[PDB]
Amino acid sequence: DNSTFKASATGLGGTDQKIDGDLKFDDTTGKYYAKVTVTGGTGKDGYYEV
């Protein structure tokens with residue numbers, strides 16, 4: 001569920017922060033990485049460890 005990222009990651013700022021829809025996974029560490037679009041944040045769109 002991608003909704004709880006918006007309820008937990010309040011320090012990102014902007015106007016509306018949301019994951020692009022699909023969570024990212026790796027081939028080395030198994031770490032979850034969220035593809036985050038931060039509307040209102042100057043250059044904050046990117047991938048975040050989650």
# chains A, B, ... in the order shown; residues from 1 in each chain; ligands from 1

$ select_by_dssp --residues "chain A" --states "strand (DSSP E)" --output "NGL selection string"
:A and (16-19 or 33-39 or 46-49)

$ select_by_dssp --residues "chain A" --states "alpha helix (DSSP H)" --output "MDAnalysis selection string"
chainID A and resid 4:8

$ atom_distance --atom1 "CA of residue 31 in chain A" --atom2 "CA of residue 16 in chain A"
24.5 Å

$ atom_distance --atom1 "CA of residue 14 in chain A" --atom2 "CA of residue 36 in chain A"
12.2 Å

$ closest_residue --among "A:35, A:1, A:7, A:49" --to "residue 19 in chain A" --atoms "only C-alpha atoms"
A:35

$ residues_around --residues "residue 9 in chain A" --least-positions-apart "4" --cutoff "10 Å" --atoms "only C-alpha atoms" --output "count of residues only"
6

$ residues_around --residues "residue 20 in chain A" --least-positions-apart "2" --cutoff "12 Å" --atoms "only C-alpha atoms" --output "count of residues only"
21
